[PDB]
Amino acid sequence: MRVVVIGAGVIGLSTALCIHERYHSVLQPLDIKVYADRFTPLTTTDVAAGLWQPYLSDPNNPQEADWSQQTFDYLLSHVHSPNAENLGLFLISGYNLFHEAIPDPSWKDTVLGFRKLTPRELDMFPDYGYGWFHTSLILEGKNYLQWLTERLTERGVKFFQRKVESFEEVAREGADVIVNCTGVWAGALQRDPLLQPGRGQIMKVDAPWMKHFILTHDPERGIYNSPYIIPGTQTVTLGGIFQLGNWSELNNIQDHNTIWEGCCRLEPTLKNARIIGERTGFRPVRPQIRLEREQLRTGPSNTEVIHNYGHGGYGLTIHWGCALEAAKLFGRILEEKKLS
């Protein structure tokens, strides 16, 4: 009963934890190994601010909306425990600003105190005439990854630093079930023409007087290509870069200047904030998450593959409803094989 999880981002770690907590007793010799090229300080998950916010549109897969809601409910129930800070979990309120009166989100009742912005609030942001105010949650990738790692270490999950070349290489080592949580790099193991990098560039700035997130929206320039300010525990994340199909894992001045100019206009107090760091990340963009079973009859033995990737810019927002669904798929592998 050997299980290999490929990837140590929020997807891989949360899935490994979910499978363990649901099947560690059910199956007595349950072996779980985590195979990843990049761990905990250097994944895409570490680059994310961690704000819980799904896309404004209804998902292509109606299950995704339920997956997001399940994660918010799981996270909100732990927000007040004396542990919540080890997870990098905290409540935060803020603004979603629009150029016109768009419909309310599907998640309007999932979040706390959702409402329409008043004219006195809209007066504070001179280029926007519509908006929302609500209270959401930030789950910082860096801390959450460290937390999931500790939980996995105490549960006997063994971690391995390696770049996997094919699923066959893994199957040959004697892994019955393979959990593929490769993120943006999932194409390298099995070509997927629906998966593409959603290049983002962000600035981490010291502005501790910023207590609210501010996300702006423009249908013209599209999703995440508009300014955003997301306060974290130690720093403030400045962003607004979204370049589909760009694999440049390097910061660039044009993107820097665009984030700076755009964020300073939104919040002019930022002109005196110190820049601590700047980073680049690839959102694993797909029309919908690939979370399904596949048979590797093309390779060694029977050997089933659980795909779990393509979380775009909403990986942290959705991860828990995903890990649970993957844990449900893992159970179906046990019952179908006549292994009750």
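Rigid core here is just the name for the largest C-alpha set that superposes within 1.5 Å across the two forms. When you see a residue number, it is the position in the sequence shown, counting from 1.
- Root-mean-square C-alpha deviation from the shown form, taken over all structures in 7 other deposited structures of this protein superposed by the rigid core, is larger for 221 to 229 than for the alternative among 266 to 274 and 221 to 229.
- Superposing each structure in 7 other deposited structures of this protein on the rigid core shows that the farther-lying of 290 to 298 and 42 to 50, by root-mean-square Cα distance, is 290 to 298.
- Comparing 172 to 180 with 237 to 245, the higher mean C-alpha B-factor in the PDB entry belongs to 172 to 180.
- Look at the C-alpha B-factors of 66 to 74 and of 296 to 304. On average they run higher in 296 to 304.
- Going by the entry's values, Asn272 shows the largest Cα B-factor out of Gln288, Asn272, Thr45, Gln53.
- Which of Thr216, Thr153, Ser136, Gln201 has the largest Cα B-factor in the deposited entry comes down to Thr153.
- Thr317: CA B factor in the lowest third of modelled residues in this chain (values from the PDB entry).
- Residue-level temperature factors show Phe39 in the middle third of its chain, judged at the C-alpha atom.
- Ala323 sits in the middle third of its chain by CA B factor, as recorded in the PDB entry.
- Sort the modelled residues of the chain by CA B factor and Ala16 lands in the middle third.
- Among the modelled residues of the chain, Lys211 sits in the lowest third by CA temperature factor in this PDB entry.
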